[PDB]
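Structural overview
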Amino acid sequence: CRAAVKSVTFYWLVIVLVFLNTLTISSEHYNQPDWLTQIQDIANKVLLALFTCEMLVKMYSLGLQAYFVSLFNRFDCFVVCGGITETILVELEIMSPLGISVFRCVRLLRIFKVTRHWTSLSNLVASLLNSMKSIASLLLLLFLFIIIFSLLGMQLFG
Amino acid sequence: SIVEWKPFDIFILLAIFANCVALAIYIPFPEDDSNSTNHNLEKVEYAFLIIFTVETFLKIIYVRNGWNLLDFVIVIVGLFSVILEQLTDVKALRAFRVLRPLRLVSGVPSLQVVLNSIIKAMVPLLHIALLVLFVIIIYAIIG
Amino acid sequence: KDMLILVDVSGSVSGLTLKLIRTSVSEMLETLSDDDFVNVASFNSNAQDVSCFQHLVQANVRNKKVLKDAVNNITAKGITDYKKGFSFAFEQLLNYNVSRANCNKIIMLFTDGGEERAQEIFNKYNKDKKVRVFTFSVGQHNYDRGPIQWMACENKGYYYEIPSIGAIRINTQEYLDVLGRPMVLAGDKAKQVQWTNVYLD
Amino acid sequence: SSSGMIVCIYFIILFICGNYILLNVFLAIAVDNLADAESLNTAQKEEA
Amino acid sequence: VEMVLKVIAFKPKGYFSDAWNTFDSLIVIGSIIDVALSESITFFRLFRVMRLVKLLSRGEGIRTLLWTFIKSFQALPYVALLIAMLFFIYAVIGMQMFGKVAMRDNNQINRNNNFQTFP
Amino acid sequence: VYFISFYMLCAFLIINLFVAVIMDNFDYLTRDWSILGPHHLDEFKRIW
Amino acid sequence: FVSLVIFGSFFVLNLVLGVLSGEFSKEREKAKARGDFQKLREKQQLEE
Amino acid sequence: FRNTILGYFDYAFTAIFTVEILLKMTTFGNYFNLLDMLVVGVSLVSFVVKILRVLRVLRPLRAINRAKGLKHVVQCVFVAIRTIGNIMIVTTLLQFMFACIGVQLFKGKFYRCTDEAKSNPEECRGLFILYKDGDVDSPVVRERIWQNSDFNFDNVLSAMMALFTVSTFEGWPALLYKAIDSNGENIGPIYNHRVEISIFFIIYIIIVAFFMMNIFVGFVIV
Ligand SMILES: CC(C)OC(=O)[C@H](C)N[P@](=O)(OC[C@H]1O[C@@H](n2ccc(=O)[nH]c2=O)[C@](C)(F)[C@@H]1O)Oc1ccccc1
Ligand SMILES: CCCCc1oc2ccccc2c1C(=O)c1cc(I)c(OCCN(CC)CC)c(I)c1
Ligand SMILES: *[C@@H]1O[C@H](CO)[C@@H](O[C@@H]2O[C@H](CO)[C@@H](O)[C@H](O)[C@H]2NC(C)=O)[C@H](O)[C@H]1NC(C)=O
Ligand SMILES: [Ca+2]
């Protein structure tokens, strides 16, 4: 199984699948034709099934403990689980009319699977993750400044 | 006074955060209107004033440091505001309560150093500010 | 009808929503005839009359002009007290020293929102639901409309929304459907011919 | 008219002091995390 | 009085050599002719405002910052030519495309804002 | 497309011009007055 | 107004951005002597 | 009359440029020379016509090959564009993701009627009385039109345009307060229906216009 996942055809096939996922996601519009909604909701189901099959193949081909450490694939399992949960949640006795539009975002985040082999994006991401503590400190100070001025404005022009 | 360092300085920081939340909940109604929430929040602010005065008098040993200077300036101006409110733009004297969230930076040195660095990175911009002042004055006179 | 109008002149109604309240009261007085008795009162931490009348008046052309002038000269300042305002309204509907219609007794509240339900006041004054309460939520705001809606149908009333100027005219005339409910249940006893006052065609 | 115009310093201070912080926070994050990434490429490319 | 004292004391042959000395001479000459004209003229009034500009070069650092950046701007004149060419091309295209839109008063294409002239 | 393209192009060209002007004289922007500089030599010349 | 915008805003925004850029570099070339870049480089060099 | 004189001027100008390309072609037998022939060709072919008139704006581009400084700065600009293409792709992808999220969130909810009294298309028909400037004594009759917003989130293109306008920090408060009032699929707005939806706009602004735009300038500087 490790021969296929490390091949050159598998990567491009996954690229095609994620391109199709993006195409299905970015086709909704106001007053969309009734024949396109069914296409979208069956493509979502079949592509979710195919992606979870690929994920279970990947998990039981190299190692369970060697993938949890890496953050690149750590949220992929969460995305797959959320996708597989959305289908049963919608089809069961839970309608959640706003819940449809909140579960499409986690399926949309799958586009990031194309930005793995860059060597330039990840190089900056490494430094950002290293300095995330300073980033959070600066953001929190900015938030505190905004809060103080909001309270002063409430006191003055409230 | 007696040694109380690790529990005290985090309890007072939690008190600061709670005061921030209480200040955020308050709704500034127009033309002296009010509801029950502000009626409770006035007593909450009272209790915060007493606890702040108690913890300030506990550690007086203190005034020379600027942060402690602001710390007790807030307390004294709040006390004066309470006195004037009871003995009646007196309501505007509570605008100094907005500086209490600023006390939270003194409780976290990791953020205090960041604030100090940002403030110290402002001195080189004074020349540009002065140039802007001359440009504004000259163009105002020309207009 | 022995109409009485309660106007919220607390602090929160200052601004646009006071202009709508004054216009809504003026348009509502235009739905009253010489056989209907009206009076206007306000309340902001204290309930008081807005004019020189102090009790129900015949609501003829001369008296409505006085009430409209008094309504158009009110200001918003103070806190809201529904318990004090409603007690004043119920007390002027129990006078009986003065000439009234001895008929439909209705209280109309021109407020925006609040949290007080004044359950004790309603039980104390109208336990048997002898007085209808029509409640209006005037202005563009996000205050709690829950208590205002509850006061309406707990006292055989109805709830109206006036968020803009264009909604003033259509909402101040829809209270005659509620008042006409006991008339249709009368049957043939309510099919009596009446003649109006002299008016220009 | 009147002394009501003195409140304009609230929005003058908020704009000047608020915009200075933004140029000292989001620009500092970019500058001190791009030269770090740029220098890594030089070390990584030469070591390759 | 300042001007006459300085021109007497500073050997007027080299007095005009400096840029600052010549700058203030034009200010007073334009200002000195308006004293009898108080009872066109507005242009000469703006001259007397410019005396404050000489006070900008009275500090160590604010003067050199300006000197360095105007010298740098003068050292790169071809970079702004790209902006000028972009503005020219887009203005001409705007003329040819939206130059026939009518000007009204309640719209963003008004008498002050349109594509009907190059300026 | 006209307005969007103009906005993007003008913003990019303005950024490019600003950075080119800043980088043309970068020694002054990182002068480190403590060590030395042309100001010391100019003061020497004027006093001399 | 055109001259006021160009001199007052475009020129000054160039002033501030240049000074800020020349200030970040001063602290970048000072902490580099400590070895802060080495800590990131050492951590990243062992990831491969 | 002015254009007739100017058209006469172009006749002489397009002849000198015509006599110098042939003169240069005599002594020769790059891509910049083809551009010069393209500009002269358009003028001769012009003598539809609107497209040629638009293409007549290529005259200033002929001076690039002459001045060395202009060629150098143009080449430097192209190099700067090439070395910064990584960030543009990332921010374009982020804008695309936010546009998809905005489409899912505000699909068709930006509709409103001409008068703020009717809150569905079945009611927004006919005429209505408008009170000018809020005055009750100055009414005027106006039509009822159920019209969409100028910048909306109907499909992906509209969402991308609206998000671009937001990221330019212009007209974004109006879109914010239009999105806060958004009730439902095909019904009118309510004052401050969902204030918590402003988190989407705040997060988008912080991520793109404050981070991915300052990183652009920082990358150029470094
Ligand atoms: C398009 C107009 C604005 O003309 C420009 O300056 C260029 C065409 N693009 P730009 O996007 O303009 C907006 C930024 O100006 C910053 N500003 C202003 C005054 C101040 O005191 N402090 C401060 O930070 C800001 C408020 F933060 C804004 O983000 O320039 C940038 C330059 C560097 C980093 C990001 C953007
Ligand atoms: C000449 C072709 C490059 C122009 C260009 O393409 C882009 C694609 C994605 C993201 C940015 C760009 C870009 C810019 O140069 C560009 C665009 C914008 I929008 C931009 O910010 C807009 C100005 N500013 C408003 C205050 C944003 C905060 C800046 I700075 C630079
Ligand atoms: C009329 O209303 C008054 C109060 O508004 C009622 O109270 C009486 O008022 C008169 C006037 O002084 C007096 O008889 C007494 O002071 C009050 N009490 C009683 C028991 O009379 C009054 O009952 C109402 N009716 C009449 C006929 O006065
Ligand atoms: Ca109230």
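This deposited entry lists cryo-EM as its structure determination method and 3.3 Å as its resolution.

Glancing now at the overall build of chain D. Looking only at helices and strands, chain D features one helix and zero strands. With the principal axes as the frame, chain D shows a C-alpha extent of 70 × 10 × 5 Å. Counting all 48 residues of chain D, 40% fall into the buried class. Total accessible area on chain D is roughly 2,800 Å²; 68% of this is exposed by carbon and sulfur atoms.

What follows concerns the overall build of chain C. Counting its secondary structure elements, chain C contains eight helices and six strands. Reading the secondary structure of chain C in the N-to-C direction produces β-α-β-β-α-α-β-α-β-α-β-α-α-α. Taking 2.2 N^0.38 as the reference for a compact globule, 201 residues should give roughly 17 Å; the C-alpha atoms of chain C span a radius of gyration of 16 Å, in line with that estimate. Evaluated residue by residue, chain C yields a buried proportion of 51% over its 201 residues. Look at the contacts in chain C between residues 6 or more apart in sequence, and 77% of them connect residues 24 or more apart. With 24 positive and 23 negative side-chain charges, chain C shows a spacing of 2 Å between the two charge centroids.

Once that is clear, we can look at the state of the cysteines. Covalent bonding between the sulfur atoms of two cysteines is what defines a disulfide. Residues and elements named next belong to chain H. If you walk through the whole model with that rule in mind, you get one disulfide over all chains. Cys-113 shares a disulfide with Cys-124; S-S distance 2.0 Å. In this structure the cystine formed by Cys-113 and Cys-124 twists about its S-S bond by roughly 85°; its chirality is therefore right-handed. Highlighted residues: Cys-113 in strand β1 (residues 112–113) and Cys-124 in the loop between β1 and β2 (127–131), separated in sequence by 11 residues.

Bringing the nonpolar core into the picture now. Considering soluble globular proteins, one finds that nonpolar side chains tend to be buried as a cluster. By size, the foremost hydrophobic cluster in this structure holds 81 residues, and its most contacted members are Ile-128 of chain B together with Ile-215 of chain H. Take this core: its biggest share by element is 13 residues, from helix α1 (residues 8–47) of chain D. Here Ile-128 of chain B is in contact with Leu-65 of chain E together with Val-12, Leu-15, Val-16 and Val-19 of chain G, once residues within four sequence places are set aside. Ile-5, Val-7, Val-40 and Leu-67 of chain C belong to the second largest nonpolar core, which has 35 residues in total.

Residue and element names in this part refer to chain C. Taken together, the six strands give an open sheet; going across it, the order is β3-β2-β1-β4-β5-β6, and neighbouring strands pair in mixed fashion. Edge positions in the sheet fall to β3 (47–49) and β6 (159–162), since each has one partner strand and no second. The mean inter-strand angle of the sheet, taken between neighbouring strand axes irrespective of direction, is 25°. Where helix α5 (residues 146–153) meets the sheet, its contacts fall on β4 (106–111), β5 (132–138) and β6, and the angle it forms with β5 comes to roughly 155°.

What follows deals with the interface of chain B and chain G. At the interface, seven residues of chain B touch 10 residues of chain G. In total, chain B and chain G occlude about 780 Å² of area from one another, counting both sides; carbon and sulfur atoms represent 84% of this. Among the residues chain B hides against chain G, the three largest losses belong to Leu-125, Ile-128 and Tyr-139 of chain B. Together they make up 55% of the total. Where chain B packs against chain G, one counts zero salt bridges. Broken down by class, the residue content of the side of chain B that touches chain G amounts to seven nonpolar, no polar and no charged.

Take the site of ligand 1 next. Near ligand 1 you find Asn-19 and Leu-23 of chain D, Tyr-7 and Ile-14 of chain F, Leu-13 of chain G together with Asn-214 of chain H, and these make up its full shell. More than one chain reaches ligand 1: its neighbouring residues belong to chains D, F, G and H. For ligand 1, an oxygen atom lies 3.5 Å from a polar atom in the backbone of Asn-19 of chain D. When contributions to the shell around ligand 1 are tallied by element, the ones reaching two or more residues are α1 of chain D together with α1 (2–24) of chain F. The residue makeup of the shell around ligand 1, split by class, is four nonpolar, two polar and no charged.

To continue, consider the coordination of the calcium ion (ligand 4). Taken together, the protein donors to the calcium ion (ligand 4) comprise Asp-33 of chain B (OD), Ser-10 of chain C (OG), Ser-12 of chain C (OG) and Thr-80 of chain C (OG1), at separations of 2.4 to 3.0 Å. Remark: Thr-80 of chain C occurs in the loop between α2 (61–71) and α3 (82–92) and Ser-12 of chain C occurs in the loop between β1 (4–8) and α1 (16–29); sequence separation between them is 68 residues. Classification of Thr-80 of chain C by relative accessible area gives partly exposed; the value is 24%.

All right, on to a nonpolar patch on the surface then. Where nonpolar side chains cluster on the molecular surface, the patch consists of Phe-1, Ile-5, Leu-6, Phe-9, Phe-13, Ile-16, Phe-17 and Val-19 of chain H and spans about 840 Å² of accessible area. By the secondary structure assignment, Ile-16 of chain H is in helix α1 (residues 2–26).

Across the contact, 20 residues belong to chain A and 22 residues belong to chain H. Between chain A and chain H lies a buried interface of about 1,700 Å² when both sides are counted; carbon and sulfur atoms form 74% of it. Across the chain A-chain H interface, the total number found is one salt bridge. Among the salt bridges present, the one from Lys-107 of chain H reaches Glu-28 of chain A, with a minimum N-O distance of 3.3 Å. Residue assignment for the side of chain A that touches chain H shows that the elements contributing at least two residues are α2 (9–25), α5 (100–108) and α6 (121–130) of chain A. Taken together, the residues of the side of chain A that touches chain H break down into 11 nonpolar, seven polar and two charged.

Moving on to the pairing of strand β2 (residues 40–43) of chain C. The two faces of the sheet receive side chains in turn, since in a regular strand these alternate between them. Residue and element names in this part refer to chain C. The side-chain alternation of β2 yields two buried faces, one formed by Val-40 and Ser-42 and the other by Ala-41 and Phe-43. The pairing of β1 with β2 spans four bridges and is parallel. Bridge assignment links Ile-5 to a residue of β2, and that residue is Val-40. Summarising the sheet, β2 and β3 pair through three bridges and their orientation is antiparallel. Each bridged residue has a counterpart across the sheet, and for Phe-43 the counterpart in β3 is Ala-47. Joining the antiparallel neighbours β2 and β3 is a turn of three residues, in which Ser-45 adopts a positive phi near 65°.

What counts as what
- The numbering scheme restarts from 1 for each chain and tracks the written sequence of that chain rather than necessarily the entry's numbering. Residues without coordinates are not displayed.
- Throughout, the order in which chains and ligands are written sets their labels, letters from A for the former and numbers from 1 for the latter.
- Note: displayed chains form a subset of a larger assembly, with all reported quantities computed for the displayed subset only.
- Heavy atoms from the whole structure form the basis of all side-chain values; hydrogens and water molecules are not counted.
- By definition, any uninterrupted DSSP run of H or I lasting at least four residues is a helix, any uninterrupted run of E lasting at least two residues is a strand, and each is numbered from the N terminus.
- Each residue's exposure class comes from its accessible area (1.4 Å probe, protein chains only) as a fraction of the maximum for that residue type: buried when under 20%, exposed when over 50%, partly exposed otherwise.
- Per-residue and other accessible areas follow the Shrake-Rupley method at a 1.4 Å probe size, with only the shown protein chains counted as cover for residues.
- Note that the radius of gyration is over C-alpha atoms, with the globule rule given as 2.2 Å times the number of residues to the power 0.38.
- Only heavy atoms enter the contact rule, under which two residues are in contact if any of them lie within 4.5 Å.
- Positive charge is attributed to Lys and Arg, negative charge to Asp and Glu, and no charge count is given to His or to the chain ends.
- Where a charge lies is defined by one atom per residue type, namely NZ (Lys), CZ (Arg), CG (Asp) and CD (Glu).
- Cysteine sulfur atoms that pair up within 2.5 Å are treated as a disulfide.
- By nonpolar core is meant a set of buried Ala, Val, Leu, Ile, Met, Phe, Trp, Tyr and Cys residues that side-chain atoms within 4.5 Å join together.
- Strands qualify as paired when DSSP identifies two bridges or more between them.
- Working convention: axes come from line fits to C-alpha atoms, limited for helices to the stretch in contact. Angles between N-to-C directions cover 0 to 180 degrees.
- Buried area is calculated as the accessible area (1.4 Å probe) missing from two parts once they are joined, with the contributions of both summed.
- Here, a salt bridge means any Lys or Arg side-chain nitrogen found within 4 Å of an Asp or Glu carboxyl oxygen.
- Put simply, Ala, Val, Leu, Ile, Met, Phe, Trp, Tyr, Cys and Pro go in the nonpolar bin, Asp, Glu, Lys and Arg in the charged bin, and everything else, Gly too, in the polar bin.
- Put simply, a residue is near a molecule or strand once any heavy atom of it comes within 4 Å of that molecule or strand.
- Whenever two N or O atoms come within 3.5 Å, that pair is a polar contact, provided that in protein one can donate a hydrogen and the other can accept it, and provided that, for residues adjacent in sequence, both atoms are side-chain atoms.
- Only nitrogen, oxygen and sulfur atoms count as donors, using a 2.8 Å cut-off from the metal that widens to 3.2 Å for Na, K and Ca. Water is left out, so coordination shells may look unfilled.
- Two distance rules govern patches: like charges are joined within 9 Å, and nonpolar side chains (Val, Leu, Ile, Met, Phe, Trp, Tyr) within 5 Å, applied only to residues with over 30% relative accessible area and no salt bridge.

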